[PDB]
């Protein structure tokens, strides 16, 4: 079975006059849609966070923090500025065997609340992509979430390939200090 084909970059807008400094810091994964992700409601994906640290050389050190089994997991990698502002490629791709390309395109952001970012990669000659909806908080509006579904569908993704990860406290919010909620 083949994957839904990756859309042409023509269908994927680029945030105009992208501001690398304002994009920095922590984002939560509020939505995640892609040709290799399947929504599964019995044991749903938990929310994770991705921290973008802008380096002197204007690359990002990008650190994803996830809760997996009963430990914190990480994916640390470098996003190197690409051909246009708001585009990046994966640094040290030589160290990812079978990965022949990895492209990042910031679609839209207002920097202080939300962003949508497109990722496309090629691995053992198959084409993969996702769209991420990032929030500065763990919840976004229904409007931002329906916009994300719309955009996802415009790139060829049916609803069963669109996931809204369940908010969590462990690992991803190092300062939430959660406790039992009064009249939750």
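Numbering follows the first chain given and starts at 1.
Margin query: When the Cα temperature factors in the entry are averaged, is it 111-119 or 139-147 that ends up higher?
Written below: Going by the record's values, the stretch with the higher mean is 139-147.
Next item on the list: Please work out which of 156-164 and 169-177 has the higher mean CA B-factor as recorded in the PDB entry.
Entry: Mean C-alpha B-factor is greater for 169-177.
Note to self: Can you tell me whether residue 125 has a C-alpha B-factor in the lowest, middle or highest third compared with the other modelled residues of the same chain?
What the structure shows: Highest third - that is where residue 125 ends up once the chain's C-alpha B-factors are sorted.
Note to self: Is residue 55 in the lowest, middle or highest third of its chain when residues are ranked by C-alpha B-factor?
What the structure shows: Residue 55: CA B-factor falls in the highest third of its chain.
Notebook entry, point to check: Against its chain's modelled residues, does residue 46's Cα B factor rank lowest, middle or highest third?
Noted result: Its C-alpha B-factor belongs to the lowest third of this chain's values.
Notebook entry, point to check: Considering only modelled residues of the same chain, in which third does the CA B-factor of residue 95 rank: lowest, middle or highest?
Noted result: Tercile = middle for this residue's CA B-factor.
Notebook entry, point to check: Would the CA B-factor of residue 26 place it in the lowest, middle or highest third of its chain?
Noted result: For residue 26, the deposited C-alpha B-factor lands in the middle third.
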